[PDB]
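>>> experimental structure below, sequence on top.
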Amino acid sequence: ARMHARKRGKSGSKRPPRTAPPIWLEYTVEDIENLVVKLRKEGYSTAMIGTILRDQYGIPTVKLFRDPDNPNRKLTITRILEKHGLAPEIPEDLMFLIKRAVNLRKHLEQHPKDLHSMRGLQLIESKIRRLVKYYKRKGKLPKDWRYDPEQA
Amino acid sequence: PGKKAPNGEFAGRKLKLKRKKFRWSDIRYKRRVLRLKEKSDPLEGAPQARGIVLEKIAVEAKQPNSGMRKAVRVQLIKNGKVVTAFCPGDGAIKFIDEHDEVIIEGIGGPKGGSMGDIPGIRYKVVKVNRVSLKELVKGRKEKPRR
Amino acid sequence: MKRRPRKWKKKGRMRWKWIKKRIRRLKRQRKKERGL
Amino acid sequence: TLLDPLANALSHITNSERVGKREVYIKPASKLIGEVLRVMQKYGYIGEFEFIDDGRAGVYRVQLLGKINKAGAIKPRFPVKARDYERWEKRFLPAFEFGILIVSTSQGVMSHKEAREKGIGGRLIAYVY
Amino acid sequence: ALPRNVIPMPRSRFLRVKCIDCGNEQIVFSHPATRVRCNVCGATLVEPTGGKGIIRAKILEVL
RNA sequence: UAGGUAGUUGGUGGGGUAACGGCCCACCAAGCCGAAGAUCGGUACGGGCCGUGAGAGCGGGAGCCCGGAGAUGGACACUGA
RNA sequence: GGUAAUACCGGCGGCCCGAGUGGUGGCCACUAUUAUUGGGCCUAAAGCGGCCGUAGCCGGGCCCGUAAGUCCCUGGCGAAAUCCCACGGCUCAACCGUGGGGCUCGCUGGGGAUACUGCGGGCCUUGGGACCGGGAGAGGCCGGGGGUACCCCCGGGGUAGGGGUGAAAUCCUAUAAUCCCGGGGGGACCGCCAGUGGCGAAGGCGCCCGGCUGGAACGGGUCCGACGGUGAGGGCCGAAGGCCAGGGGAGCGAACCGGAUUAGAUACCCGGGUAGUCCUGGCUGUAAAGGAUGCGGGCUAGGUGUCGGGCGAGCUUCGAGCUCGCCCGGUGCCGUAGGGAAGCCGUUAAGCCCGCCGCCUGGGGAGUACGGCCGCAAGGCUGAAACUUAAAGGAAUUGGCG
Ligand SMILES: [Mg+2]
Ligand SMILES: [Mg+2]
Ligand SMILES: [Mg+2]
Ligand SMILES: [Mg+2]
Ligand SMILES: [Mg+2]
Ligand SMILES: [Mg+2]
Ligand SMILES: [Mg+2]
Ligand SMILES: [Mg+2]
Ligand SMILES: [Mg+2]
Ligand SMILES: [Zn+2]
């Protein structure tokens, strides 16, 4: 079920099993790497780069090609960005959650009796800490980092 | 309710602790480990005892009954307590006199308490002046010291 | 007060809302009258 | 959440065959699941089975024959010495050779009747009869 | 036979639409999440509405 | 019955012992146990074994053998392997 | 057992064990009344009022290593007595001797194998999370505009009652009431539409317009890559009532003052009325806080309403419209297998499985006494024993009765 509520919900995306790219594609690997890098410099989130490739350029998910420099891995957007040095400086899951808990914290400063909104804040911060524990454990975040709300 | 709480492989400590915790909601175990029977018991863990009778009395029986049961007041020797004891048999009370020494057993009821329609009494007389009472009631032997 | 719903059953007793109110008055008298 | 993909399979099998079904789908498919199906087959409890890939861990199709009374998982996974089998066979099964007791010995998965012939032990994972 | 519950399969397609005031040929998605506009001229091709887009050009295939 | 310890934990140099050791002493530090129950109370000689039960277990450890300790209560020395 | 005793006390018959046979106290079995094997928690004892999370227990698929857990073989140990067997000596036997095994279930030196657990690398996407799109909703907090009803006051008209009850009376009225009309002010609440309808973790939320804000469902060849479940000790939220300070006060009204009914009437009924109920700032932390049903995952016939999204057809006064069929998520009913002591539950389980935490152990004494920690007080939380009793409880039958 959901993490905090307990509704089930099932909506999502259902993919076909497939190994090789489809026959009617024509974009070669380098023509797709340049497309991936061109869009990031328009200010696009790594989730909203794939939406546009799929909608407009007609490329089903980019995880159909292998990594050019490595036969083990498969291609993923974040593994293209770090090839050119454009990848984010903090996992953007964490960044979206943290940015969404900063203008709720200045709304709660003019309406301090809005007691039903300040529970969503506690729930957001629970999620932020759940993610920081994991990131610190996997070495993606330096150990001298803490979520201190009074900054930003 | 779910399945049952610590059914894991490395959960021995919590399972033992849950058992030791709920064993105290008992009454036969708490009463045997804290030793509550002694410290409140006029006879002190004995099967029998001896006393010296103070006065002879009669009790009324329970509700769906009628009649008077004869008994005595015994003053123990090892403690100094005063208990109430029952004289079993047809005409026994005519053999008990004051300033006599009597021997005392339990009366054998549920949980060690009392039995039948005599509800508050929990001891019975077996020997008078070192001469069994059962004999005296049915002839067969004579009572010393008057 | 940690009460038990078996006693609100009224068969062979008096009402419990009114036994509570009477226990409270004694827990007071034992307190003021030198409960110190 | 999900904690045991083998228990789910065995309860699914014994729930389905009790109402008369002739096919089941064991959705999350380990290779321990496949290894236990292999020995449920050789003793004549199920029919034939195949592994279908679906891009995410694969599925198992198995046809039932209506030849089992009960199947389940021995969960805490106790260990057994090679001379202490009857103590457990008297706890799970209904007569002195009624059915099999599946053991995870150091040479694969097998029934206790073939562990006693080599004289080895291991962890008990399940039982069928 | 082969229930949907095992091996799920989508319900949405890739099209081979063809522009109007540009003649250009493209591939698009049927349930888009953005506003699909042409890759030379800029006129829209599909529109986002809830479930399935409402296309605005000529279709050649369903791919 | 929630905090306990100040020769208490450790180091350097010594005395004493049949012998190693804060076992004692002179200096330098601030360590040491603890909610996985320390500290403080309660009861108790420990085991091989013994009673009971279909077994899992629950209860007892006077008498026989093996270890420990005591000689009305508390302190202290002589002779000797 | 009450003057007709197979139940007390004697006689005579009979029954069970027998050199013994009865009485009182203790431990085990009885007892699945301590439950690992192997119990309970809707109505009988028992789910924390609700939710968040630290330790701990439980944890998705594949590939390559290691060999700690685990399994097999082998050296050194776990005194004798005691325990089981066969044979031999006292007449057999109890007892004693020669041999085989068990027991002290626990230690340690090595060699072997990797299925599962643990530990170290790599690779995934189903669980969980992030994001975009078109919609639904009394979810919450500020600002502003209204709606009728009720009470009070001032003017105009009229003239003797009004009010209340089972029946009356206290009360209001000649300083002109009740009733009708023209105006001035004042607090609280938002009717019909309204729906086993919607939203929220629970307590709860219903006039309309504008602003900021939280969560969920559907559509999705988007992104991350096991980031998860439960949660002792700690933390926030919590109707009504009560408390401490400032404001306000129309209707209703614990305390209180009078009229009646009555054997009494400290009550029900009638005429008044203080605190309270409302607003700003805090404390208290309780309910039949109830679905008397803790939370996550998998599976096991159908039928039929209804709210939200999507899809496919057919109409159309082309409307954000109407009808039919299907997929996903909420909310109701009749019901198979199965479960239950029944009442009854039945894919929204009280069914068959895998987890984690909280509580229960005959009825009273007693939620009491004594101690501790919180609160300004009222009070909350923790919580025994001496003694006493043979039943107390539950779900359904036949009658008798209102
Ligand atoms: Mg002693
Ligand atoms: Mg029970
Ligand atoms: Mg109850
Ligand atoms: Mg695994
Ligand atoms: Mg021995
Ligand atoms: Mg002979
Ligand atoms: Mg012999
Ligand atoms: Mg012998
Ligand atoms: Mg708690
Ligand atoms: Zn164009």
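Done, it's in. Numbering: from 1, shown residues only, chains lettered A, B, ... in the order given. Ligands and ions are numbered 1, 2, ... in the order given.

>>> list the buried residues for the helix or strand hosting residue A:96?
Residue A:96 belongs to helix A:92-99 when elements are defined using DSSP states H and E. Burial within helix A:92-99, assessed by neighbour count using 16 or more other Cβ atoms under 10 Å in any protein chain shown, is assigned to A:94, A:97, A:98. C-beta here means a position set from N, CA and C on the backbone, and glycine is covered the same way.

>>> try stretch E:39-52
Within stretch E:39-52, the residues that count as buried by 16+ other Cβ under 10 Å are E:45, E:46.

>>> start to end distance for that stretch?
Using Cα to Cα, to the nearest Å, the end-to-end distance of stretch E:39-52 comes out at 21 Å.

>>> touching ligand 10 at all, it?
Yes - taking Cβ under 5 Å from the ion as the criterion, stretch E:39-52 and ligand 10 are in contact, through residue E:41.

>>> chain center to that stretch: distance?
Mean C-alpha position of stretch E:39-52 versus that of the full chain (Cα atoms, centre = their mean, to the nearest Å) differs by 8 Å.

>>> again, but for stretch D:24-37
Averaged over its C-alpha atoms, stretch D:24-37 has a centre that lies 10 Å from its chain's centre (Cα atoms, centre = their mean).

>>> just stretch A:141-151 next, same as before
Between the centre of stretch A:141-151 and the centre of its chain there are 20 Å (Cα atoms, centre = their mean).

>>> quick revisit: what comes up buried for the next helix or strand after the helix holding residue A:96?
Of the helices and strands lying after helix A:92-99 in sequence (DSSP H and E), the nearest is helix A:118-137. Of the residues in helix A:118-137, those buried under the neighbour-count criterion (16+ other Cβ under 10 Å) are A:121, A:124, A:125, A:127, A:128, A:131, A:132, A:135.

>>> can I assume residue B:57 sits in a strand?
Yes - read with DSSP: H, G, I helix; E, B strand; the rest coil, residue B:57 is one of the residues of a strand.

>>> how far away is residue A:30 from residue A:68?
Distance of residue A:30 to residue A:68, computed by Cβ to Cβ, to the nearest Å: 8 Å.

>>> could the buried residues of helix A:92-99 go into TSV alongside distance to residue B:78?
Listed next are those as TSV, based on distance: Cβ to Cβ, whole Å:
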residue	distance to residue B:78
A:94	80
A:97	79
A:98	81
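
>>> closest to RNA strand G out of those?
Distance to RNA strand G, by Cβ to the nearest atom of the strand, is smallest for residue A:97 among the buried residues of helix A:92-99, at 5.5 Å.

>>> ok, that closest one touching residue A:124?
Yes - Residue A:97 lies in contact with residue A:124 (Cβ atoms under 8 Å); the separation is 6.3 Å.

>>> is the helix holding residue A:96 up against RNA strand G anywhere?
Yes - taking Cβ under 7 Å from any atom of the strand as the criterion, helix A:92-99 and RNA strand G are in contact, through A:92, A:93, A:96, A:97.

>>> which strands and helices sit next to that helix?
helix A:118-137 (3 or more Cβ pairs under 8 Å, 6 or more residues apart in numbering or on different chains; DSSP states H and E).

>>> quick one: the helices in chain D, in order.
Listed in chain order, the helices found in chain D under DSSP state H are D:5-16, D:32-42, D:86-92, D:112-118.

>>> so which of these comes closest to ligand 10?
Taking Cβ to the ion as the criterion, helix D:5-16 is the member of those that comes nearest to ligand 10, at 51.3 Å.

>>> so what secondary structure elements neighbour the closest one?
Of the remaining helices and strands, those touching helix D:5-16 by 3+ Cβ pairs under 8 Å, 6+ apart are strand D:23-26, helix D:32-42, strand D:59-64, strand D:71-73, strand D:122-128.

>>> measure how far the helix holding residue A:96 is from the centre of its chain, please.
The chain centre lies 9 Å from the centre of helix A:92-99; the measure is Cα atoms, centre = their mean.

>>> again, but for stretch C:12-26
Centroid separation for stretch C:12-26 versus its chain: 4 Å, with Cα atoms, centre = their mean.

>>> is there proximity between that stretch and RNA strand G?
Yes - Stretch C:12-26 lies within reach of RNA strand G by Cβ under 7 Å from any atom of the strand, at C:12, C:19, C:23, C:24, C:26.

>>> wait, a helix at the third one?
Yes - assigned with three-state DSSP, residue C:23 falls within a helix.

>>> for it, grab the count of nearby residues.
By the other Cβ atoms under 10 Å in any protein chain shown criterion, the neighbourhood of residue C:23 contains 10 residues.

>>> which one is residue A:84 nearest to, not counting chain neighbours?
Nearest-residue entry for residue A:84: residue A:37, 5.6 Å, with adjacent residues in sequence omitted and distances by Cβ to Cβ, 6 or more residues apart in numbering or on different chains.

>>> so the one you found sits in a strand?
No - secondary structure assignment (three-state DSSP) places residue A:37 in helix, not in a strand.

>>> now do the contacts for it.
Applying Cβ atoms under 8 Å, 6 or more residues apart in numbering or on different chains to residue A:37 gives the contacts A:80, A:81, A:84, A:86.

>>> of those, closest to residue A:14?
Minimum distance to residue A:14 across the contacts of residue A:37 is 25.4 Å, recorded for residue A:80 (Cβ to Cβ).

>>> which elements pack onto the helix or strand where that closest one lies?
For residue A:80, the element it lies in under DSSP H and E is helix A:77-84. Applying 3+ Cβ pairs under 8 Å, 6+ apart, one finds that helix A:77-84 makes contact with helix A:29-40, helix A:46-52.

>>> switch the ones you listed over to TSV; also include distance to ligand 10.
Converted to TSV, the helices and strands packed on helix A:77-84 look like this (distance: least, Cβ to the ion, whole Å):
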stretch	distance to ligand 10
helix A:29-40	19
helix A:46-52	17
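
>>> how about the residues of chain C by chain A?
Within chain C, no position is near chain A by Cβ under 8 Å from any Cβ of the partner chain.

>>> can you show me the helices along chain C?
With DSSP H as the definition, chain C shows helices at residue ranges C:17-32.

>>> circling back to that earlier point, and the helices of chain D as a markdown table, adding mean neighbour count?
Rendered in a markdown table, the data for the helices of chain D read as follows (neighbours: other Cβ atoms under 10 Å in any protein chain shown):
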| stretch | mean neighbour count |
| --- | --- |
| helix D:5-16 | 17 |
| helix D:32-42 | 16 |
| helix D:86-92 | 13 |
| helix D:112-118 | 15 |
